[PDB]
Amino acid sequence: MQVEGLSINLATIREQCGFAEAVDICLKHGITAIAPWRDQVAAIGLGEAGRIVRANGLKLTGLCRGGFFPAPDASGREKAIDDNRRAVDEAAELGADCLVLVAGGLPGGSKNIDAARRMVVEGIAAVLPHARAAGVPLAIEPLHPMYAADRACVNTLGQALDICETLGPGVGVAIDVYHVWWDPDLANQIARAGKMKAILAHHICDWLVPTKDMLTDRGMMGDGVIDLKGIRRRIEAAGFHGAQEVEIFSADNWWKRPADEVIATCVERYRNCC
């Protein structure tokens, strides 16, 4: 009956379903773990979202997302930090296993990528006490390098782990195959993450050939070229046995299909291709 070890990031059916319907279809397929987004939670209301979570015994593999730290001035940086505190409060209410952090790109006008990265480290450090007090692990999600300028300037698992080592307890990593599959040093950095006890989440999807859009053409698992099986074996060998979270952005395919069929296909591909 239950599909053990599978979570659905609700972006996967974001065009078709708001929060309650997404949960309903996931439960209809034996799925008891989700990762909602803050806008989806806000649209239903945080209190109702947590009631649904607690009533159905749902695990949250993550809440998406905090981050977005760099800004051209102190006021803007603190506005971002303070938003992350709200995100932590939301995650805590929902019992999320972590708050996913998407670092933010360059401050407007700036070319100073190293400074942007320092603002990320400082921003995480500013949020950490709030997160630790709330019992909410912070998961730095290294993002594909194509996102460096304008979405997230933490772009390798090695770099993410360097930040985890600098900041100390309460911060780990979310390993999303879309963002990291290409990294020539991926095997060593997964092993490193495991030694650090830093792995908080594992997101799955695929890299299509060709990829037709930089943001909204993620593949269903098995439709692309990622060695999903190999990555998962390495993550398990590193000591992480949590659910695999399906996170697909697909403007011209999966978002245009009935949510039922999408989730059915996620379960099939999870069984066969992961």
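Heads up: residue numbers just count along the shown sequence, starting at 1.
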Given 166 to 174 and 110 to 118, the range whose Cα B-factors average higher in the PDB entry: 166 to 174
Stretch exceeding the other in mean C-alpha B-factor - 154 to 162, 67 to 75: 67 to 75
Given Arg218, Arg234, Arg38, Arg51, the residue at which the Cα B factor reaches its maximum: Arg51
Selection from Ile248, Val209, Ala55, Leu228 [criterion: highest C-alpha temperature factor in the record]: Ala55
